[PDB]
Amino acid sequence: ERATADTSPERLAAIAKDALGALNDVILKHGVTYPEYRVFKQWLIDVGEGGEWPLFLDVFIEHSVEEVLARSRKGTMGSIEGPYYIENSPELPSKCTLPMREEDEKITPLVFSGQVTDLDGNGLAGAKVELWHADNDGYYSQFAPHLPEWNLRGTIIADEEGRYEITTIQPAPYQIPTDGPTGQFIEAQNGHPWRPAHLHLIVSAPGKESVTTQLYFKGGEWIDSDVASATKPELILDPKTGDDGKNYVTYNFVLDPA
């Protein structure tokens, strides 16, 4: 139930030494003061009392952890998970619409097509696409009590050829939660709390290395100034609008061997 790793005492000793040394160096570089130290201590306590460690770490730290993993991989680019992924979302056939409310129906549709392939571009049987994203108000299901537990969440079962056609709503930018210690941190430095419009996805196939990633939208606000530093040029979509007024886009996933 609790996370574990095999990091030797020696490896942790070297990590800790550098990380503590770097922080101490910043204190010495900027002449950090005792009143500043006191504010910083109270702020660390407020983050914990506020349930905001997942939030703060995934905004400010996760992008480097993904950058490390990215060195080992040759397939589709990864991006950060973020704190809103939920396992075992209900399966949907390869052409489907995600579960949504009447209000969600009022949003311009997005029709997302593509194929899960291996590094050589051959289509993969047994592949699954797990999709989750925010509604037009910037809310995620299971992290807003008013929403049905699986709003805009599903496990898409790709066909024999690894193909999928998933219709949903067109994502919109949103602000991360700003009524706690993280919004305070951002407001005290004259920052902004916005992420660009995006889809979240986890893509898998028998005997393949899974990929966690995000997909963004050409010309969208906040792509060049994401608070989470999680956007990459290779992950920006360019949907074309239909005569039915729906947004259409094709995007393929490419998986490394396990």
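Numbering starts at 1 and follows the sequence shown. Rigid core here is just the name for the largest C-alpha set that superposes within 1.5 Å across the two forms.
| task | Consider 71 to 79 and 175 to 183 separately and indicate which one has Cα atoms farther, on average, from the shown form in 7 other deposited structures of this protein after rigid core alignment. | result | Comparing 175 to 183 with 71 to 79, the one that moves more in 7 other deposited structures of this protein is 175 to 183.
| request: Any chance you could tell me whether 92 to 100 or 166 to 174 drifts more in 7 other deposited structures of this protein, judged by RMS CA distance from this form after superposing on the core? | output: Once the core is superposed, the stretch further away in 7 other deposited structures of this protein is 166 to 174.
| request: Determine, for stretches 116 to 124 and 177 to 185, which one has the higher mean CA B-factor as deposited. | output: According to the entry, 116 to 124 carries the higher average C-alpha B-factor.
| Comparing 77 to 85 with 104 to 112, the one whose average Cα B-factor in the PDB entry is higher | In the deposited entry, the stretch with the higher C-alpha B-factor mean is 104 to 112.
| said: I'd like to know which of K232, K208, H198, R38 has the highest C-alpha temperature factor in the PDB entry. | reply: Of the candidates given, the C-alpha B-factor peaks at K208.
| So where's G191 on the chain's Cα temperature factor ranking, which third? | Its C-alpha B-factor, which the entry lists for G191, ranks in the middle third among residues of this chain.
| Among the modelled residues of its chain, does the C-alpha B-factor of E130 lie in the lowest, middle or highest third? | Lowest third.
| task | Just say lowest, middle or highest third for the CA B-factor of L147 relative to the other modelled residues in its chain. | result | It belongs to the middle third of the chain when residues are ordered by C-alpha B-factor.
| request: Would you check the entry's CA temperature factor for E52 and let me know if it's in the chain's lowest, middle or highest third? | output: It falls in the bottom third of the chain.
| query | Once the chain's modelled residues are ordered by C-alpha B factor and cut into thirds, is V227 in the lowest, middle or highest one? | reply | Bottom third by C-alpha B-factor.
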